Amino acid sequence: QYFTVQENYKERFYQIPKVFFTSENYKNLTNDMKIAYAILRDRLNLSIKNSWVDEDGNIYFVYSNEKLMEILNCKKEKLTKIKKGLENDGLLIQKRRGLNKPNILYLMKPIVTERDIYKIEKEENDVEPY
């Protein structure tokens, strides 16, 4: 049948790494942060559009905390709790710059352990016989 745009945007999502649900490492990470990490993972594209790619070829965020409270839509302490909880797992790294130069942010890929794969094995092969 036809390719409808009405349906096109039904097929656009916010990726959330399954491993955020199997590794005790990412356990301590709440849902408000999980969603956040997804919205950032989405902006990953947008930044390439702004040519935010260092010499070694890495996609970063020159976003001011103001913008983030609009991207992730929340308050001051909220944003913080997220970045701290995130930064305490290897999901996000940041380096200050002082003055008026907005903070540099580097989102990262999570780590998969062989224990994780076994777990996600069930979250997909959990057929009938329990």
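Sequential numbering from 1, following the sequence displayed.
- The PDB entry reports B-factors from which the mean C-alpha value can be compared for 61-69 and 39-47; the larger average falls on 61-69.
- Stretch comparison (30-38 versus 71-79) by mean CA B-factor in the PDB entry places 71-79 on top.
- Among 122, 12, 18, 109, the highest C-alpha B-factor in the deposited entry belongs to 122.
- Among the modelled residues of the chain, residue 54 sits in the middle third by CA temperature factor in this PDB entry.
- Among the modelled residues of its chain, residue 86 has a C-alpha B-factor that falls in the lowest third according to the deposited record.
- Ranked by Cα temperature factor within the chain, residue 92 sits in the lowest third according to the deposited record.
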